[PDB]
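Heads up: the structure comes next, in C-alpha cells.
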C-alpha cells in the first residue's frame, strides 16, 4: 500500500471537458475546489433493540463546488447553450450543460499523483458577474456530478 | 477560443434602460454587482440504481443584486410609477417597473470586453432611505430578470 | 433629469406627525433610519416555457425601522394611548397608534433635497427600557407604513 | 410637552415586588435591562386593492429581559415557591411566581425621571448557576408581564 | 433576608453521586457549569380582551450543561452501564444512568454558601473523545434533571 | 477507582480497520477527532404532575467525526469499493463500507491509557479534493458507528 | 400563453400561468366501465371492455381583468346544445377538443378574489371530454352576471334591512357548475354522450372577512335578518354595488353551517371564516 | 373570564381562555331546511324557506380543577325536562340563550388530561340552540361520576384479574354526549324543538401510555382478559383509584379498533396509541 | 430481526427494520361484535358479549432482494386450505399465531420500489388472526409471478403497439390482496373462522414517472391505445422486461382515474403521477 501524504492546494490542476468529444473547455484561475462523493444513508433499526441493525446507501451524487477568479467566455457560453451547442443568450430548453471534470494533484512530498475524475457535473446557477468594490471578480459554482469515474495514483 | 482572464470590479459600467424605449434611466455609484442566471434542477433516479438517471432544468430566472451609494430620484420614481410611468408616491396597481440592464467590463489585461445584458429585471423592494450614523447611505437592491439577452466579447 | 448623488446620513431631519392633526410628535436623536417600500411579487410561469411569462405586484407595505438614542415621553405615551389619545399605561383596545413620518435630506454636494414621506406607520413592539452596561439606552423600532405619500426633490 | 433626552444605563434602578404585598424582593446587580410592551399586528388587505386596508392589535404582552451578576437566594426561592410562598426546592404545581417590576431612570441632563412599571412578570426558566472559567456568574432572565402599569415623568 | 452578592465561578465545587447509594462518582476539572430549572408557560387569553388573563406552568425540567477538561473513566463507564451497574461497552437496554448532582459555591464576599442540588440528571449523548489540534480535550455535556432538590445557604 | 485526568489531543493514535479482517487501513494525519456515543431520550410525564415521571433511551449510535490533512488513497478506495472490496470509481450498490475504529490516548500525567473502540462506522460522504488557496487540503468526515466495543484503561 | 375556450362565435382566452412549479394542466384518464369479473375459481379476473371511458381536463390560470372572468362564468353556466370547444396550445394534445363542464361537479369553475391581489383573479376549471357529434339537449338559455360602475361596499340586504360587509380582510371564492346535466356511457367511440338538461345550475359565493367596528350591532343585524327569520320565496339581495364590476344579485344560505362567527383568544373583534350564499331565481 | 352554563339552580362557570390566537367561541348558522328546487328549465333555482334554522355554539376553554370538570360532565349527561341554559359574556350574543348538547355529535363535551399538566384540563363543547319553550322530555335521570381519594394506579380489572396501566406518558381523553336525543324542525319559530329522550347516552374514556417494564406479562394480561376472553353481561372494571378524584367505573371496548399495541424501530418498549372504553350500566 | 411467515412447507423470513423511530409492528384489537342496548331506559347502556373479536397485525419492513419479495407476493396471494402461519420475534406475542390476509383489505401486501434505493424494497403487510382449526377452502390455486433476465425498458404493449415507460424518476408501488375471502364471527371463541373463497384476487401495479423526450408521440401512443379504444376480452401487456427480475404480465386500468398527465408552470416536460393497472386473466 501507499502511505497517506499531505496535499498542497496550489499544486493542483483542474480541467473541464465536453462529454460529447473530450475536447477541453477553457477554464482557469481556480482558488478553491471541493469534490465530495456522497450517498444518502438509510440507517435501519429493529423492534427488538436500541442498536442499529443495518445501514444502506441510496441516492448517490458528487457535490462539486469551485471558486475561481478568471472569467471564461467559453465555460459560460457552453452553460447557456446546453449539451453540444454554444450560445450568447439564455436558451428556453430543459437540458443542462453536462461537463466532465478532472483534478490532478501531486502529493506534497511526491509520493503519488492523486487524479480524481467526475462525470456529468451540472450547475443550477452560473454567476456571470460577481463584482465587489476594490476586489477582483470572484465566482462560486455549486453543482452535482453523477459519479466519480476515476480515483487513482497516475504517477509512474 | 479566447483565453480566460481576471476581471477587476472597478472597471464596471452598469446601466439601466426603460424596456419600452431602450432609453437610459440615470443610475450610478455601484459598490457591489451580482448577476446570476439560474435554472431549477430536477435530479431523477430509477427503480434499480443508486446513480442519477437524468437531470433537467425547469424554472429559469436571472438573479440580480446590486449595492450602490448614489441615490437616484429618477430610478426610484420609475419603480414607484410602474411601466412607462413616473410617480412621486406609491401607486395602487399590480404592474412592477420592468428594467432592462447592461454591464460592460474590460478584462484585467484587455484580452476581451465582457458585456452582460439582462431583460425585464424587477425588484420586490426599493430602499428609499438607508441611513446609518457616520456613513453615506448604502442601498441594496435584489431582483429577478427574465433571461440573459447577451453575453459576448464586445471589444473591437 | 437630475444626476444621482451621494447622501450623508447625518445630514437628515426626521419627524413624526399625528395623522389626525398633522401636529408634530417630539422625537429625536436617531442613529439609523431605514425606509423600504416593498411589494410581494408573483413571478408567473407558462405551461411549457422554462422562462417567466409575467410578473405582478400583489401586496404593498413600507418597512420602516429606526434606531434612536434620545427617549421621548410623548412618542411612547401616544403609542400606548392609540389614535387621538395619550396614555401612561397599556390600553386594552385594538387600535394601534398610526403615525405619519417624513424624512428630509440635502444631497452630499447640494444637488437636491430628497424628501421621503410615509402614511400610517405602526409599530408592533415599542422598547421602553433598553439598558446596557456602560452605554446609552439605544432603542430599535420595527414597523410598517401603508404607502409612500411623497418622494420628491424639495429644493427651490 | 417635555423635550426628548438621552438616558444612561448606569443611572437605572430596577426593583421587583411581590404583587400580593407590594413588598420588595431583594434583587440587584443588573448589567442589561430590556422592557418592551408589544402587540401582535393583523394587517388586513381588501378584495380590490394592493394597499393595506386596516391594522389591528391583538395578544398584548410586555417582554422583560434582564442580565445580572449578583445572585439572590430570595428571588430564586420566590420563583421556586410560586405565588405567596417561599421554597427551597422545585414545587409540583402549575402556578408560576408573578412579580411586579419597576425601573426609574433620570435622563442624562436631568430633564425628566422616566419611571416604567410592569405587572405580573413571569419567567419560564430561572438560571440557578451560570459558572464560566475566570468569570463571575452572569444570569439571564427572559419573561412576560401582563401590561405596563405606569410610564411617566416622576421628577418634582 | 440575605443581600444579593456576586459569585465567582472558580470558587465552585461540583459533585456527582449514584442515586442508588449516594456514593460519589469521581468527576473533576469543570470549566463551565449551567443549571437552569425550567417550565413551559401557557399564557391564557380571554375573548374580547387583548390582555393576558392567566399563566400556568407545565412540563418542569432542570437543564444541566457542563464543560470539563479532565476525563473520568468512572463517569463514562457508569453512563454506559446504566443504573446500578458499570460497563466498558454500549449496553442494549433502555434505562439511562440517572445521576444526582450537587454544586456548592461561597459567595464572592463570604455572605452565603449557595448549595444547588438536582435529582436524576441524564445525558442523551456522552463525548468520549473531543480532540482538537494543540488543545486539551474539552468535553461538553447537555442533559436534563427531574427537579431541584435543594437551593439553600449552607453557611453556619 | 482511577483519578480523573486531563488528556492532550496530540497524544492520540487513531486507527481504522477492515472489520472482515481486523486488518489496518492506512490512515494518518488527523487534526480534530470527536467520538460521541448517544441515545435518543424519551422524557415521559403523567396526568397529575408537572414533573417528569420516567425517562428512556431509544435509538443508539456513535457519532464519529474526524478532520484530517494527509490524504489516503486506500481509505478512499475502500469507501468507494464497499464491504470487502477496493474500487477506483463509484460502485452502483447499496452496501456502504463499514470501518472498525480505535483511538488510544495516554493521560497528561500518565495516570491511565484511555482506549476507545467503535464498530461499523459508516460515512455518508467522503471529500476527495478539499483544495483551498494557500492551504493544505483538510478533509472532514462525519459518520455513525453501531456501538462502543471498548472503553477502558489499557496501561500496564 | 393562453388556452382558448369557446361556444359558437363567443370565445375566452385563458392564461395557463402560475407562481413557482404549480400544476397548470392535468389530463386525467380512466375506464370506470370495464366489466371486471368478481367471481370464479381463478386467481386473476377475466374482463370485458365495451364502453366510452373518461377523459377529464383540469386547467389552472390567473385572469388579469374582472370582465373576462364574468364572461367566462356566463359562457360556462349557459345552457346550449352548442358544443363547448377547448383549444390547448401544448403539443401533447390535438389542436381542438369538445368538452362539457365536469360531469357531476358542483364547482366546474372556481373564481377567487383574494386579499391584496388587485387585477389577479385565481381560476380553476374542470372539463369532461365529450364526443363532438354527441352533444344533445333542451333549448338555449344565456346566463347573465349583472354589472355596475358604483364601486361601493357589499350590502347583504333582506327584510328591507341592510348590512355592509366590512372590507377589512374581505376575500371572495365564487364557484359555478352544471351538476344537473347528464353525461352517459355509450357502446361507441371512447368519448361519452352529453345532455344539456333544462335543469337548475350551481352558482355560489363564499366570503371571508373580519368585522372591525360596531361588532355586536353588525353581527346581530346580519344573523337575525338572514339566519333566524324566514325569507319566504324571496331571498337576500347581495348587492355588490359595483365591486369587481358586479351588480346586484339575489341569493340564500344553503346546507350545513354556511355562516361562521369566530371569537378568538386575545382578540377584540370577530372573524368570519365563511359566509356563503347560493344565487337564486330573479329571472322573470 | 367565564361563560355560565346551568340547569335548574346548578351552575358551572367555564373560562373561555386559550394560548395564542386560538378559537374560543365559534357560533355557526345554517338553513338546511330551505326546499331548494332541483328542476325547471330556468338556470337559477326557486327556493322556499319554511322552518327553524340551525344555530350551534362551539366553546373552548381550560378548567383549573377536576371537580368542576366532573360536575360539568354530570350536568351535561343528565336527562331532565329542565332546559340547559347558557349565558354568553361577549356583547354580540344576547345575555342568555337556551341549548341542547349538539344534535348530530357523539362527543358534545370533551375533557382532556394530557401528560405533564396539573390543575389544567383542556375542554371542548358543542351546543345546538333550541327554542326556550320547545324543550320537552320523559322523566329526570341524574348522571353520577363516582369519586374517591385513593391516588393509586389505574386498574383495568376483569374476571378477577387486574392490570395496572403504567403512569409513564399516560394521557386521558374523555368524551360525553347525548346522541339519542331527538331535535326536530318547527314551521314558524327561529330555533328547533328538543326532545329529552329516556334513551342511552355516550360516555367514552380514551387512554394513551407507554408500558416500560414487565412488558410481555403486562400486554398478555391486558389482551387476553379484555380482547380474547368473553366478559358476558359484565365488563372491565376500570378502577381510576382516585386519580383526578375519579372513582371506579364499569366499561367495555366499543368500535372496530379500540386498542393498539405499537412496536417501533430502536425502541425496547411498547407504546399504546389508544386504549378505549365506553362506560356501561352499573346503576342496579 | 426477522418475523417468519409460512404457507405449508414454503416459508419466508421478513426483517422488521426501519429508518429512525418508525412503527414496525402494530397489533390492533377490537370487539366489533358486542351488542349494545341502544334504548336502555337509563343513562348508561347494558351490553352483551357473545362472539369472536378482531385481532389484526400490521407489519412494516424492508427486503434486500426482489426474489424474496415476489415469493412473498405469490405466497400471500395463493388460495390454499393450509393456514397462513406467522411467528413474531418479540416476547409480548406467542411463538406461533394463525392468520389470513386482512379480512376486507384490497392491499394486504404493499411492495414499493421508489426512485434510487437499489436492493431496497419497502414493505407493508396486514394480517387478521384466525382460529388455527377454523381455516377452510375451495381447493388449492398457486399464484405465480413471471420472471426473466432481460433488464430492458418496461413496455406498455396494446393492440400490437408499444410504448416504453421512461426510466426517469420511475417509481413502482405494487399492491396485493385477497378481498373476496370471507372472515366470519364464531360464537363463544376468541378468533374468527376463515373461508378461502373460489373468487378473484387483487394484484395492482402503480407507476409514477416523468416523460422527458418525444413527449407528444409518447403520451398519445400511450393514451389512445390504453384509454381511448376498446381492448375487448384482451388487455394491455405490461412487459417488465426483467426489471426487478419480473417477467411480462397482462393487465388493464381499473378505477375512475388510473392515469394522470401533469403539465407544470416553467417545466418543458410532462409528469405522470399515476399509471395504475390491475392484473388480469392470462392463465388458460
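We call the chains A, B, C, D, E, F, G, H and I, going by the order they appear; numbering starts again at 1 in every chain.
Following the convention adopted for this analysis, a residue touches a chain if its C-beta (ideal position, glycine included) is under 8 Å from a C-beta of that chain, and two chains touch if they have at least 3 such contacts.
To keep track of the chains, here are their UniProt names: A, B, C, D, E, F = Tail tube protein.
Considering every other chain in turn, the ones in contact with both chain E (Tail tube protein) and chain H prove to be A, D, F, G. Residue contact pairs shared with D-H exceed half only for one pair among C-I, E-H or B-G, and that pair is B-G. The greater number of contacting C-beta pairs, out of the two interfaces C-I and B-I, is seen for B-I.
Centres computed as Cα averages put chain B (Tail tube protein) at a distance of 61 Å from chain H. A straight line joining the Cα centres of chain A (Tail tube protein) and chain B (Tail tube protein) is 27 Å long. Averaged Cα coordinates give chain A (Tail tube protein) a centre that lies 43 Å from the centre of chain I. Residues of chain A (Tail tube protein) found to touch two or more other chains are 39-40, 43-52, 56-60, 90, 92-94, 147.
Multi-chain contact residues of chain I (touching two or more other chains) are listed as 16-21, 24-25, 90, 116-120, 212, 263-269. Contact residues on chain B (Tail tube protein) toward chain G in their complex (touch as defined above): 40, 58-59, 92-94.
Interface residues of chain B (Tail tube protein), counted against chain F (Tail tube protein) in their complex, comprise 49-51. Residues of chain D (Tail tube protein) that touch chain C (Tail tube protein) in their complex: 1-10, 12, 30-41, 43, 45, 50-52, 55-58, 60, 62-63, 103, 105, 107-108, 112, 114, 116, 147-153. Looking at the complex, you find that chain G touches chain D (Tail tube protein) at residues 113-118, 167-172, 210, 212, 243-244, 264-269. On the side of chain D (Tail tube protein), the complex with chain G involves touching residues 40, 42, 44-50, 53-54, 56, 58-60.
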